[PDB]
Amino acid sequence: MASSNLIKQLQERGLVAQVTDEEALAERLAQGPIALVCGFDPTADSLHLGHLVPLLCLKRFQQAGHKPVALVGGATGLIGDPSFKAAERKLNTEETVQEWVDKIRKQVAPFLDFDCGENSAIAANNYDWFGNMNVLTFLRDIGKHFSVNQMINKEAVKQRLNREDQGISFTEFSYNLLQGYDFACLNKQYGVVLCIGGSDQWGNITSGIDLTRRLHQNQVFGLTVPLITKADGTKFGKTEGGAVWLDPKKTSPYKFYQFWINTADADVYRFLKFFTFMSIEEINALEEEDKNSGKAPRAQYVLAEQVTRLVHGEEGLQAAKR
């Protein structure tokens, strides 16, 4: 019964919002390297800061020796995840999502190692299995395992069903089945036994754990990272100018760097934990140092340098100074 401390280490960073059976997950992680998955839906031709914590978290797992599967939702992006959203998401055309899928895949790759040991990353696209799946097969083979009674009290969509000013299409109501089947499929072909996701993904993830159990009798796990918040209560990664994109052509490395310099003192130390690979020891020493220096805090500059390098590499960091 060895027990892995990886979940504890992430908890210490404040990076675990919810986790299924943390005791059993920690024991499984100590048994050896696992394949895990984190996914992103092509809702734009680029990811932005709201996708960064989960993405880096997938990298933290790889660095701990596990194998990351980076899934891009070629099919789920044609449907739209309603989870904790107030209104129906825009339906994009198949041609546009396909192009966005490619853009996101290429943008995600540099963050993971695709050529190292047995823990090399794997790129996945759920369009591989839903793209040509026929409706009767879906409704019967996947659909019979879902109780609508359970689906409607899922927290993620409850509000869309209870408030009047907030309905939900059958299209988005079905999304939970698609993402639940993705977990079963990834477990079947790649041995994925852990799914990590954003704060709003609990219900989608647990539907995947249950369906994996139902379809393959394998126990799998899920973990969500927290909704990143600012002490002043405003929305993180949201500016007058819109989202802060990970694509240098949409948001320049210079502007990306400026966004991090602009971090509030109240948020900066927490943000070093969520967005960088500096040890907890070093971040605490840095906080203590700023507390006693009588100088401007060095933390914003450190945060800006670290995340800008992570996202745009040494070249982006240099472009941030010209």
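Residue positions are given as counts along the sequence shown, with the first one as 1.
Enquirer: Would you mind comparing 230 to 238 and 172 to 180 for me and telling me which has the higher average C-alpha temperature factor in the entry?
Expert: According to the entry, 230 to 238 carries the higher average C-alpha B-factor.
Enquirer: As stated in the PDB record, which stretch has the larger average Cα B-factor, 273 to 281 or 66 to 74?
Expert: Here the higher of the two C-alpha B-factor means belongs to 273 to 281.
Enquirer: Check the PDB entry and point out which of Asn125, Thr206, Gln217, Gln107 has the largest C-alpha temperature factor.
Expert: Largest recorded C-alpha B-factor: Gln217.
Enquirer: Which one, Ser252, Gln201, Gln159, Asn187, has the peak C-alpha temperature factor per the PDB entry?
Expert: Each of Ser252, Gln201, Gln159, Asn187 was compared by C-alpha B-factor; the highest is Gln159.
Enquirer: Going by the recorded CA B-factors, say which third of the chain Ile196 sits in, lowest, middle or highest.
Expert: It belongs to the lowest third of the chain when residues are ordered by C-alpha B-factor.
Enquirer: Relative to the other modelled residues in the chain, which third contains the C-alpha temperature factor of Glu27: lowest, middle or highest?
Expert: It falls in the top third of the chain.
Enquirer: Going by the entry, which third of its chain does the Cα temperature factor of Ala304 land in?
Expert: Ranked within chain, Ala304 CA B lands in the lowest tercile.
Enquirer: Comparing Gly39 with the other modelled residues of its chain, is its CA B-factor in the lowest, middle or highest third?
Expert: Ranked within chain, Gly39 CA B lands in the lowest tercile.
Enquirer: Against its chain's modelled residues, does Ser46's Cα B factor rank lowest, middle or highest third?
Expert: Lowest third, going by the recorded CA B-factors of the chain.
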